[PDB]
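Peer 1: After the structure tokens below, expect a handful of questions from me.
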There are 2 protein chains.
Amino acid sequence: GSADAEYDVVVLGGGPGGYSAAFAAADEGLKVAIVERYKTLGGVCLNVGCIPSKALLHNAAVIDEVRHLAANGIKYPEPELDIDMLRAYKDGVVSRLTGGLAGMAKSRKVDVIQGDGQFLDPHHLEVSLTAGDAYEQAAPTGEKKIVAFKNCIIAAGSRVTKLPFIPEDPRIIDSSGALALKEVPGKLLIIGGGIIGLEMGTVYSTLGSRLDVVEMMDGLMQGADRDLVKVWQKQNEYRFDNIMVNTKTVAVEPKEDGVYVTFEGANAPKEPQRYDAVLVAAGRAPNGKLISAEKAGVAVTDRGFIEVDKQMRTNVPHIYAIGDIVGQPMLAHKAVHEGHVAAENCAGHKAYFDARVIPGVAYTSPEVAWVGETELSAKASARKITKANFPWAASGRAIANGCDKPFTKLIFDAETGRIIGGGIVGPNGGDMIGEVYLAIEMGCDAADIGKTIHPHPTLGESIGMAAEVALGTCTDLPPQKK
Amino acid sequence: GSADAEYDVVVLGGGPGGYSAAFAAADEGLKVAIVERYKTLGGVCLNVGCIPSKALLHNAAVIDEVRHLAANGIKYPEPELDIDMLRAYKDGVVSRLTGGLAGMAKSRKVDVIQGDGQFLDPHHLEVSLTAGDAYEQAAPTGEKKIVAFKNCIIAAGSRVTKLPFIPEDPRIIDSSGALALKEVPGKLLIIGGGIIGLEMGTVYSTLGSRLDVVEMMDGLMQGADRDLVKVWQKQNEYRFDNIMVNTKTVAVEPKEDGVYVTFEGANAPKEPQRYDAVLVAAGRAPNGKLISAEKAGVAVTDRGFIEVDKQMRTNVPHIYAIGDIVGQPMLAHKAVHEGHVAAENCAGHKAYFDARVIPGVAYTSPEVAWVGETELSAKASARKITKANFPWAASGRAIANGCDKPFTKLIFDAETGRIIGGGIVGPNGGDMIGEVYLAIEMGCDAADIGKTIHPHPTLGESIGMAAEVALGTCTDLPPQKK
Ligand SMILES: Cc1cc2nc3c(=O)[nH]c(=O)nc-3n(C[C@@H](O)[C@@H](O)[C@@H](O)COP(=O)(O)OP(=O)(O)OC[C@H]3O[C@@H](n4cnc5c(N)ncnc54)[C@H](O)[C@@H]3O)c2cc1C
Ligand SMILES: Cc1cc2nc3c(=O)[nH]c(=O)nc-3n(C[C@@H](O)[C@@H](O)[C@@H](O)COP(=O)(O)OP(=O)(O)OC[C@H]3O[C@@H](n4cnc5c(N)ncnc54)[C@H](O)[C@@H]3O)c2cc1C
């Protein structure tokens, strides 16, 4: 008597992983509970990630297109920018959503427990109750509840990676800060050339900042095919002053007149630079080491992930882990899927994460979208492939939409001739890789995709045309192998 | 000695059908010739259809979105409209394209013969040479060439259906006129509620006209699922004064102060109406009866089509027919596919148009996209189906893009559980039905599509979510069958 509660399944985290696992299990007739330390469900993705970033990226995109339409004799002056209202529009999509999740938990009879959860023992969660209403600003009530579970689905996600030498200062922000829209900096450093920051960067440049980007690696969007990035970098090169790649941020020293940062590398200003703001988008660390997993017997990697098996099970059989905490690629769509397999095992169904492919998407302008085998992956595994690329320069619709600089690339298993990879650089790329997606899942071949009558004039049909080019049958391009 | 020429294959028409058939055959090592009465290839689709309509529809769409972004505190005044430059922008995508086709024929060594072709006998085309440079304005030189062929691919397309009682007047236009952009009428009647006119209508309303639409049928976009149209009609109802459906246009009498037209029906103004212009978008007639097909022994329906077999062959074995002349749905993507099968038969490969599904797309706002089985088709065949609908109201991305009024609908064979239909109302609908496309072509099931990890947040993933709803597994919506 005090604070103890018993459940079938207890999902630690109410992110994309967690509330999907939770509502699934729930859906199975299981008595489930979500332990979320903030009061809104949806996790990072709904609250300080996927959705506000993309709502913002969509406004920015429309203001860049009006810049273009002039030339078609459609004329507008610069827009009046209200960030109080911009800001609130984002907060609006988000709360609309968070409000619905909530409602959905109620309806599913799932219990949301607001509190940081920590493992007591293999069948007990110690919940240190928490109070607050704003995602990321919740505080411990001092009160504590003991929750017991048949099963537990750990879904505690990851967190922004902090660089050790970067000092604190209101002007050094991570992406939750950037998503704050406190103001458009006149000059913004972006540490890290990965998708998140280039996505942040794009909204700020279009709202007015001039950006610099620092990437320790050889390039931007590490992990996508350089041919694709090439197209992206060509079209946005004008948004940056300096695309400092293969360069080290060494000094970061805040001054009364902005943050002064020194870089080490090549094509790196030897003169320390000044910015009105610096966006640290250096990566994300998983939270396995912060839940006292050792008290449930759950094993955690030194890096912080909880390796798990195709069933989402951890070394502790009644304890499953899903989402970013489990491993890369840290993406909400990955997490929802692992989310359903672990909920099903919990309901005693035998489920394997069996999907062979997970999509990555930079929702920049243009969007860089890819799946399955990539040339580099292939080149790494020295897998033998057949890539079929269709240039948008040949596409009536891209020419009409003024995006003929992009293309669709389909890669095939050179032995089987089966599709195993897909890359799309161009507007809606992410709305279109889902078919090279299902394609790969159905084990289709170039004749499979190619004989599919895709509609014209569209961007979508370059998947088909890339297939005919595979088949050497495209009559919209010069003859192949004469 | 005069004008005679011998070829393997002679494609009558340089439309989407024809130049695809022509470049394919060509691609097979065959000696081919395109007989096109205008000087630009691409046919109606490139020149007075698909492409200019869609280039126009894309400018209009961006000006309607800027109307929306105000509310996000992004503020613009009405745009300055230059139709001389608008006009020329369209002409620019188009000639860019037509210029390339040309170049492609040269490179493929295909001969373009500019002249109206008429059958002499089963192996001879009489070509009455023609002169002009503007699509649709070509004139007969009086000179004539006799072309002989192993094979002939008839690809002569269709033409705007003229209503008998409509008088002539610069103010009564068909879609080539509307595509002229001679001026935004203050008031525009639209005879026919089909895709072409509603597409024409949308650009004009957004450029400023107030529209009225007359449809003899029970609705708009006849042939799509009413649930889909419903969504489209709800969102554009404000562009029309009168959506006169189930109504007859009886009088059409031009006056000094505009075209006065009387309608017969219900909710039809008993007072004859005045418009500054009337768009006759009543349908399209195929041209089989206008090529002296009877001289090749080719049989033509009284309606004007050339029925053909899965090999594109007509009753005359060495004579094939493709595209709109062959049958509905008259769509450029259909024609390119039939186009490749007839070219392959010509090269002695045995080819069947074997695709089981052809996409229809109104590129309006929102776009209405569908494939395969539709509820009405099903209801007609009394096929027994399973539809899975996913509301965009539940989609983070649609909410963020402000299109949560649309949805994705997947229909399944109730016996086999196989997908056989797909409908998508919403922006990019046509860029997304290609996966419910390949889906249907691969004979996928709801578990097939559903376990496909589509990326989030996107519009694309509602195909997947519609699948889980089929599976009763969607955790983004209230539980299914509790
Ligand atoms: C700016 C940004 C934009 C992104 N955009 C996208 C995108 O467009 N598409 C995409 O696929 N992904 C993108 N990502 C990825 C990210 O949204 C998803 O990978 C992530 O949400 C996956 O869900 P998750 O379940 O594993 O965990 P989470 O998002 O991380 O949720 C974990 C939750 O559990 C709670 N929690 C953590 N520890 C405890 C504890 N001890 N006790 C109680 N509660 C706890 C936290 O409060 C948090 O709410 C984005 C990320 C960022 C940072
Ligand atoms: C405004 C409009 C917009 C459209 N938009 C699209 C769209 O977005 N997507 C889509 O799929 N379809 C849409 N359509 C459909 C239409 O473009 C295609 O169905 C049509 O181009 C298909 O190609 P076709 O080969 O059979 O013939 P065609 O377009 O009709 O070409 C026939 C050609 O052959 C020539 N010809 C005809 N008779 C003779 C003769 N006797 N001698 C010599 N030459 C001759 C004509 O000059 C013409 O160039 C649109 C149509 C219109 C009218």
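Labels used: A, B, ... for chains in the order of the structure tokens, numbers from 1 for residues in each chain, and numbers from 1 for ligands as shown.
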Using backbone DSSP assignments, extract all strand (DSSP E or B) residues from range 308-398 of chain A; output them as an MDAnalysis selection string.
Peer 2: chainID A and resid 313 319:321 360:362 368:372 385:391
Peer 1: Within 6 Å of ligand 2 (counting only C-alpha atoms and all ligand atoms), which residues show up? I'd like them as a PDB file with N, CA, C and O atoms, in the first residue's frame.
Peer 2:
```pdb
ATOM      1  N   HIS A 456       1.489   9.483 -66.435  1.00  0.00           N
ATOM      2  CA  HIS A 456       2.267  10.614 -66.972  1.00  0.00           C
ATOM      3  C   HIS A 456       1.369  11.853 -67.009  1.00  0.00           C
ATOM      4  O   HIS A 456       0.150  11.654 -67.177  1.00  0.00           O
ATOM      5  N   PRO A 457       1.864  13.070 -66.941  1.00  0.00           N
ATOM      6  CA  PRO A 457       3.264  13.381 -66.777  1.00  0.00           C
ATOM      7  C   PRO A 457       3.428  13.417 -65.262  1.00  0.00           C
ATOM      8  O   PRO A 457       2.525  14.111 -64.701  1.00  0.00           O
TER       9      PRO A 457
ATOM     10  N   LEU B  12       1.823   5.929 -88.171  1.00  0.00           N
ATOM     11  CA  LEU B  12       0.940   7.014 -88.588  1.00  0.00           C
ATOM     12  C   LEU B  12       0.565   7.870 -87.355  1.00  0.00           C
ATOM     13  O   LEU B  12      -0.397   7.562 -86.603  1.00  0.00           O
ATOM     14  N   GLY B  13       1.266   8.960 -87.058  1.00  0.00           N
ATOM     15  CA  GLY B  13       0.887   9.774 -85.845  1.00  0.00           C
ATOM     16  C   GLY B  13       2.195   9.852 -85.049  1.00  0.00           C
ATOM     17  O   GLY B  13       2.880   8.796 -84.996  1.00  0.00           O
ATOM     18  N   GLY B  14       2.548  11.035 -84.501  1.00  0.00           N
ATOM     19  CA  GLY B  14       3.856  11.096 -83.766  1.00  0.00           C
ATOM     20  C   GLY B  14       3.563  11.437 -82.279  1.00  0.00           C
ATOM     21  O   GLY B  14       4.403  11.954 -81.570  1.00  0.00           O
ATOM     22  N   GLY B  15       2.324  11.111 -81.870  1.00  0.00           N
ATOM     23  CA  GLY B  15       1.877  11.306 -80.485  1.00  0.00           C
ATOM     24  C   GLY B  15       2.717  10.414 -79.518  1.00  0.00           C
ATOM     25  O   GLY B  15       3.760   9.811 -79.864  1.00  0.00           O
ATOM     26  N   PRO B  16       2.239  10.348 -78.246  1.00  0.00           N
ATOM     27  CA  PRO B  16       2.895   9.549 -77.197  1.00  0.00           C
ATOM     28  C   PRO B  16       2.942   8.081 -77.681  1.00  0.00           C
ATOM     29  O   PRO B  16       3.984   7.427 -77.528  1.00  0.00           O
ATOM     30  N   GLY B  17       1.743   7.686 -78.293  1.00  0.00           N
ATOM     31  CA  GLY B  17       1.691   6.263 -78.816  1.00  0.00           C
ATOM     32  C   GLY B  17       2.846   6.106 -79.818  1.00  0.00           C
ATOM     33  O   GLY B  17       3.897   5.515 -79.581  1.00  0.00           O
ATOM     34  N   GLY B  18       2.583   6.701 -80.984  1.00  0.00           N
ATOM     35  CA  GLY B  18       3.446   6.725 -82.127  1.00  0.00           C
ATOM     36  C   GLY B  18       4.922   6.957 -81.972  1.00  0.00           C
ATOM     37  O   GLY B  18       5.716   6.165 -82.602  1.00  0.00           O
ATOM     38  N   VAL B  35       4.727   9.405 -89.720  1.00  0.00           N
ATOM     39  CA  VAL B  35       3.954  10.272 -90.580  1.00  0.00           C
ATOM     40  C   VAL B  35       3.105  11.059 -89.524  1.00  0.00           C
ATOM     41  O   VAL B  35       2.227  10.501 -88.847  1.00  0.00           O
ATOM     42  N   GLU B  36       3.417  12.331 -89.395  1.00  0.00           N
ATOM     43  CA  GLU B  36       2.832  13.339 -88.524  1.00  0.00           C
ATOM     44  C   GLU B  36       2.441  14.561 -89.414  1.00  0.00           C
ATOM     45  O   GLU B  36       3.330  15.124 -90.082  1.00  0.00           O
ATOM     46  N   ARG B  37       1.164  14.900 -89.363  1.00  0.00           N
ATOM     47  CA  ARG B  37       0.703  16.068 -90.133  1.00  0.00           C
ATOM     48  C   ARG B  37       1.135  17.474 -89.586  1.00  0.00           C
ATOM     49  O   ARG B  37       0.918  18.561 -90.218  1.00  0.00           O
ATOM     50  N   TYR B  38       1.776  17.484 -88.357  1.00  0.00           N
ATOM     51  CA  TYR B  38       2.195  18.855 -87.877  1.00  0.00           C
ATOM     52  C   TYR B  38       3.698  18.776 -87.823  1.00  0.00           C
ATOM     53  O   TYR B  38       4.150  17.638 -88.173  1.00  0.00           O
ATOM     54  N   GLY B  43       2.547  14.761 -80.192  1.00  0.00           N
ATOM     55  CA  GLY B  43       1.097  14.727 -80.341  1.00  0.00           C
ATOM     56  C   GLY B  43       0.366  15.699 -79.434  1.00  0.00           C
ATOM     57  O   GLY B  43       0.912  16.701 -78.982  1.00  0.00           O
ATOM     58  N   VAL B  44      -0.910  15.418 -79.218  1.00  0.00           N
ATOM     59  CA  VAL B  44      -1.798  16.248 -78.385  1.00  0.00           C
ATOM     60  C   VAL B  44      -1.140  16.361 -77.009  1.00  0.00           C
ATOM     61  O   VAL B  44      -0.880  17.482 -76.552  1.00  0.00           O
ATOM     62  N   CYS B  45      -0.832  15.207 -76.407  1.00  0.00           N
ATOM     63  CA  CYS B  45      -0.238  15.235 -75.069  1.00  0.00           C
ATOM     64  C   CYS B  45       0.869  16.290 -74.955  1.00  0.00           C
ATOM     65  O   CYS B  45       0.798  17.202 -74.023  1.00  0.00           O
ATOM     66  N   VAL B  48      -0.796  20.052 -76.963  1.00  0.00           N
ATOM     67  CA  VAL B  48      -1.996  20.896 -76.567  1.00  0.00           C
ATOM     68  C   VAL B  48      -2.721  20.124 -75.471  1.00  0.00           C
ATOM     69  O   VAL B  48      -3.965  20.059 -75.432  1.00  0.00           O
ATOM     70  N   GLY B  49      -1.889  19.501 -74.576  1.00  0.00           N
ATOM     71  CA  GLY B  49      -2.531  18.693 -73.532  1.00  0.00           C
ATOM     72  C   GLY B  49      -1.777  18.474 -72.232  1.00  0.00           C
ATOM     73  O   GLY B  49      -1.619  19.429 -71.428  1.00  0.00           O
ATOM     74  N   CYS B  50      -1.353  17.211 -71.991  1.00  0.00           N
ATOM     75  CA  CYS B  50      -0.692  16.879 -70.744  1.00  0.00           C
ATOM     76  C   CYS B  50       0.232  18.019 -70.249  1.00  0.00           C
ATOM     77  O   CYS B  50      -0.077  18.725 -69.236  1.00  0.00           O
ATOM     78  N   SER B  53      -1.042  21.876 -70.000  1.00  0.00           N
ATOM     79  CA  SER B  53      -2.048  21.979 -68.890  1.00  0.00           C
ATOM     80  C   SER B  53      -1.406  21.871 -67.494  1.00  0.00           C
ATOM     81  O   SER B  53      -1.716  22.673 -66.575  1.00  0.00           O
ATOM     82  N   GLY B 115       3.004  15.148 -93.053  1.00  0.00           N
ATOM     83  CA  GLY B 115       1.962  15.103 -94.102  1.00  0.00           C
ATOM     84  C   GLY B 115       0.769  14.309 -93.533  1.00  0.00           C
ATOM     85  O   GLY B 115       0.889  13.501 -92.606  1.00  0.00           O
ATOM     86  N   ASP B 116      -0.408  14.584 -94.093  1.00  0.00           N
ATOM     87  CA  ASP B 116      -1.550  13.801 -93.561  1.00  0.00           C
ATOM     88  C   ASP B 116      -1.373  12.435 -94.250  1.00  0.00           C
ATOM     89  O   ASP B 116      -1.076  12.350 -95.481  1.00  0.00           O
ATOM     90  N   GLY B 117      -1.461  11.312 -93.521  1.00  0.00           N
ATOM     91  CA  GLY B 117      -1.280   9.962 -94.169  1.00  0.00           C
ATOM     92  C   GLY B 117      -2.699   9.397 -94.319  1.00  0.00           C
ATOM     93  O   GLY B 117      -3.576   9.579 -93.466  1.00  0.00           O
ATOM     94  N   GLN B 118      -2.883   8.720 -95.435  1.00  0.00           N
ATOM     95  CA  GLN B 118      -4.198   8.089 -95.752  1.00  0.00           C
ATOM     96  C   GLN B 118      -3.849   6.722 -96.366  1.00  0.00           C
ATOM     97  O   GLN B 118      -2.827   6.674 -97.137  1.00  0.00           O
ATOM     98  N   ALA B 155      -1.460   5.192 -85.036  1.00  0.00           N
ATOM     99  CA  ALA B 155      -1.423   5.858 -83.733  1.00  0.00           C
ATOM    100  C   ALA B 155      -2.078   7.251 -83.881  1.00  0.00           C
ATOM    101  O   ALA B 155      -1.643   8.173 -83.188  1.00  0.00           O
ATOM    102  N   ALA B 156      -3.055   7.393 -84.781  1.00  0.00           N
ATOM    103  CA  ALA B 156      -3.686   8.691 -85.092  1.00  0.00           C
ATOM    104  C   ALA B 156      -4.522   9.393 -84.022  1.00  0.00           C
ATOM    105  O   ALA B 156      -5.226  10.438 -84.312  1.00  0.00           O
ATOM    106  N   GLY B 157      -4.518   8.881 -82.761  1.00  0.00           N
ATOM    107  CA  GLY B 157      -5.236   9.481 -81.643  1.00  0.00           C
ATOM    108  C   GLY B 157      -6.718   9.755 -81.795  1.00  0.00           C
ATOM    109  O   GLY B 157      -7.486   9.095 -82.490  1.00  0.00           O
ATOM    110  N   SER B 158      -7.350  10.860 -81.120  1.00  0.00           N
ATOM    111  CA  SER B 158      -8.732  11.333 -81.096  1.00  0.00           C
ATOM    112  C   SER B 158      -8.738  12.884 -81.261  1.00  0.00           C
ATOM    113  O   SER B 158      -7.654  13.537 -81.461  1.00  0.00           O
ATOM    114  N   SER B 175     -10.218  22.817 -75.294  1.00  0.00           N
ATOM    115  CA  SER B 175      -9.006  22.966 -74.485  1.00  0.00           C
ATOM    116  C   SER B 175      -7.786  23.481 -75.209  1.00  0.00           C
ATOM    117  O   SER B 175      -6.807  23.839 -74.502  1.00  0.00           O
ATOM    118  N   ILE B 196     -10.517  16.984 -67.820  1.00  0.00           N
ATOM    119  CA  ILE B 196      -9.894  18.068 -68.620  1.00  0.00           C
ATOM    120  C   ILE B 196     -10.385  19.495 -68.259  1.00  0.00           C
ATOM    121  O   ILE B 196      -9.562  20.358 -68.003  1.00  0.00           O
ATOM    122  N   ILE B 291      -8.799   7.960 -91.800  1.00  0.00           N
ATOM    123  CA  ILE B 291      -7.437   7.686 -92.373  1.00  0.00           C
ATOM    124  C   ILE B 291      -7.566   6.782 -93.612  1.00  0.00           C
ATOM    125  O   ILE B 291      -6.505   6.307 -94.064  1.00  0.00           O
ATOM    126  N   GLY B 323      -2.984   3.623 -78.699  1.00  0.00           N
ATOM    127  CA  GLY B 323      -3.454   4.866 -78.133  1.00  0.00           C
ATOM    128  C   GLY B 323      -4.942   5.097 -78.128  1.00  0.00           C
ATOM    129  O   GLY B 323      -5.769   4.156 -78.105  1.00  0.00           O
ATOM    130  N   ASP B 324      -5.264   6.427 -78.161  1.00  0.00           N
ATOM    131  CA  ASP B 324      -6.677   6.793 -78.059  1.00  0.00           C
ATOM    132  C   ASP B 324      -7.547   6.213 -79.163  1.00  0.00           C
ATOM    133  O   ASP B 324      -8.759   6.067 -78.930  1.00  0.00           O
ATOM    134  N   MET B 330      -8.510   7.053 -72.710  1.00  0.00           N
ATOM    135  CA  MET B 330      -7.556   7.778 -73.578  1.00  0.00           C
ATOM    136  C   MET B 330      -6.570   8.516 -72.655  1.00  0.00           C
ATOM    137  O   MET B 330      -6.977   9.578 -72.186  1.00  0.00           O
ATOM    138  N   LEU B 331      -5.388   8.038 -72.426  1.00  0.00           N
ATOM    139  CA  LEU B 331      -4.347   8.545 -71.607  1.00  0.00           C
ATOM    140  C   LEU B 331      -2.952   8.366 -72.176  1.00  0.00           C
ATOM    141  O   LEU B 331      -2.553   7.222 -72.642  1.00  0.00           O
ATOM    142  N   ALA B 332      -2.068   9.349 -72.204  1.00  0.00           N
ATOM    143  CA  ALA B 332      -0.745   9.174 -72.768  1.00  0.00           C
ATOM    144  C   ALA B 332       0.013   7.983 -72.224  1.00  0.00           C
ATOM    145  O   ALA B 332       0.841   7.396 -72.984  1.00  0.00           O
ATOM    146  N   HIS B 333      -0.129   7.586 -70.925  1.00  0.00           N
ATOM    147  CA  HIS B 333       0.731   6.479 -70.358  1.00  0.00           C
ATOM    148  C   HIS B 333       0.260   5.099 -70.909  1.00  0.00           C
ATOM    149  O   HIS B 333       1.032   4.160 -71.196  1.00  0.00           O
ATOM    150  N   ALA B 335      -1.027   4.792 -73.928  1.00  0.00           N
ATOM    151  CA  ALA B 335      -0.458   4.826 -75.300  1.00  0.00           C
ATOM    152  C   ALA B 335       1.034   4.515 -75.301  1.00  0.00           C
ATOM    153  O   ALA B 335       1.510   3.774 -76.224  1.00  0.00           O
TER     154      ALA B 335
END
```
Peer 1: For range 168-170 of chain A, find every residue with an atom within 12 Å (counting only C-alpha atoms), except residues of its own chain fewer than 5 positions away, and show them as number ranges by chain.
Peer 2: A: 162-163, 177-178, 180, 182-183, 252-256, 258-260, 276-280
Peer 1: Using only C-alpha atoms and a cut-off of 6 Å, which residues of chain A sit close to chain B? Please list them as a ChimeraX atom specification.
Peer 2: /A:20,23,55,72-76,79-82,85-86,89,93,333,358-359,400,431,434-435,438,452-456,460,475
Peer 1: Quick one: everything within 6 Å of residue 392 in chain B, counting only C-alpha atoms, minus sequence neighbours fewer than 4 positions away in the same chain. Send it as number ranges by chain.
Peer 2: B: 398, 404, 406-407
Peer 1: With a distance cut-off of 9 Å and only C-alpha atoms, select the neighbouring residues of residue 345 in chain B, excluding the residue or stretch itself and same-chain residues fewer than 3 positions from it, and output the selection as a PyMOL selection string.
Peer 2: chain B and resi 25+311-313+340-342+348-352
Peer 1: Using only C-alpha atoms for the distances, tell me which of B:269, B:292, B:225, B:283 is nearest to residue 409 in chain B.
Peer 2: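 Result for the nearest residue to residue 409 in chain B: B:225.
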Peer 1: What lies within 7 Å of residue 420 in chain B using only C-alpha atoms, ignoring chain neighbours under 2 positions off, as a ChimeraX atom specification?
Peer 2: /B:372-373,411-413,418,440
